[PDB]
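> Quick check, what structure comes out for this input:
(2 chains)
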2 protein chains.
Amino acid sequence: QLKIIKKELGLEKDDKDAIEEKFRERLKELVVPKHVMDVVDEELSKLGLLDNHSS
Amino acid sequence: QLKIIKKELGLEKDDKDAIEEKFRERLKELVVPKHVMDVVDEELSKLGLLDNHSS
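Residues are numbered from 1 along each chain as shown, chains lettered A, B, ... in the order given. Right below this line is the structure:
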C-alpha cells in the first residue's frame, strides 16, 4: 500500500512537508532531551496539519 | 483512495477524536473527584463541534 502511495505522487510539492523535513533535518545532529523531542514532535504534527495561510 | 488509505487507514493525520482520546485515557487511571469529572465532559462535548482553526 505504501508503494501504491508513492506510485502516484501527483504533487510532490507540499509546502507544509518541506518545512517539516527542514526542521527535522536540522534537529538530527543534536543530542536532544526527550522533553524537547516530545514537544517538538507535537508541534510538528500540528504544523503538519494546519492551513498554509493561517496566522 | 489516497485519503481512504493514508489518511483514513494510514498511520498519518490522526483524527481530532484521538486528541480527545489521549486526554480521556490520561484521565482513566487516576481517580478524579466527581466534581471535576463532569466539567471535562462538557468541555469535550463542546470541543468536538468546533472548527479546528478557530482560536
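> When you work out contacts or count neighbours from here on, use the C-alpha atoms and nothing else.
Noted.
> check contacts around the most centrally placed residue in chain A.
When CA atoms, centre = their mean is applied to chain A, the residue found nearest the centroid is residue A:20 (2.9 Å). Contacts for residue A:20 (CA atoms under 8 Å, 6 or more residues apart in numbering or on different chains) come out as A:44, A:47, A:48.
> switch to 10 Å and redo it
Taking CA atoms under 10 Å, 6 or more residues apart in numbering or on different chains, we find residue A:20 in contact with A:14, A:26, A:44, A:45, A:47, A:48.
> are any of those buried, and which?
Among the contacts of residue A:20, the ones that count as buried by 16 or more other CA atoms under 10 Å in any protein chain shown are A:44, A:48.
> could I get the contacts of residue A:20 as TSV with secondary structure and distance to chain B?
Below are those laid out as TSV (DSSP: H, G, I helix; E, B strand; the rest coil; distance: CA to the nearest CA, whole Å):
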residue	secondary structure	distance to chain B
A:14	coil	15
A:26	helix	22
A:44	helix	11
A:45	helix	8
A:47	helix	11
A:48	helix	8
